[PDB]
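This document starts with one chain, in the form deposited in one PDB entry, laid out as structure tokens.
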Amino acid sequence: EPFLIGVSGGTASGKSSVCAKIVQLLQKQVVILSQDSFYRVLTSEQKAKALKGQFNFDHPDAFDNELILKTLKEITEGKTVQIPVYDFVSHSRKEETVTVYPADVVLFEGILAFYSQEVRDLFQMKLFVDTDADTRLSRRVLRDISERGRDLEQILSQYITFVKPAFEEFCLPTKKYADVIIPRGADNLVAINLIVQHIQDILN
């Protein structure tokens, strides 16, 4: 069975980078999947909210949890799967899909990957990335403006109204489920090294 590794942390905490550095340091076939690929398909009314940064994309229910549970279960079974592609500029699931063939190690990262216990128990290892809040926001702002075509004021408004409150209420609590907590994120090469060393040992 593939070795499942769940990765979480707050928004722009560097979960993706951590996953990349882990793969970089890890022949084993490895693939990185993100919880973001499974955001729910929004109605026109909800999408309208999103355009004004008035939609909560940080609440457990913003994700298509059923699809996630099912997709991850199939990977666990060694079956090749199809994975959705989300568009952050339109807040909409694209028609195109991405094929993901079997692998020895699978990394799953998302702001709420440890929330649902069903999903949580599918991970043989769970990592939580801990980064300073102002550092996280700074990134969020530049990344949102740069890669997701958004406006500063709409970003800050959505962050203060939804992201932060959701982080404290839904995300942060899940840190208790982590087997390893990683402060400073991707930059904590020592912690990442022990982790890849631990992953390597188990695969032996």
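Only the largest set of C-alpha atoms that superpose within 1.5 Å between the two forms is called the rigid core. The numbering used is simple: start at 1 and walk along the sequence shown.
Missing here is the form deposited in another entry; even so, the following discussion is about that form.
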item: Large Cα shift (2 Å or above) at residue 52 between the shown form and the other one, core-fitted; value: yes
item: Residue 126 C-alpha relocation of at least 2 Å between the shown form and the other one, rigid core basis; value: no
item: Threshold 2 Å Cα movement between the shown form and the other one at residue 139, rigid core reference; value: yes
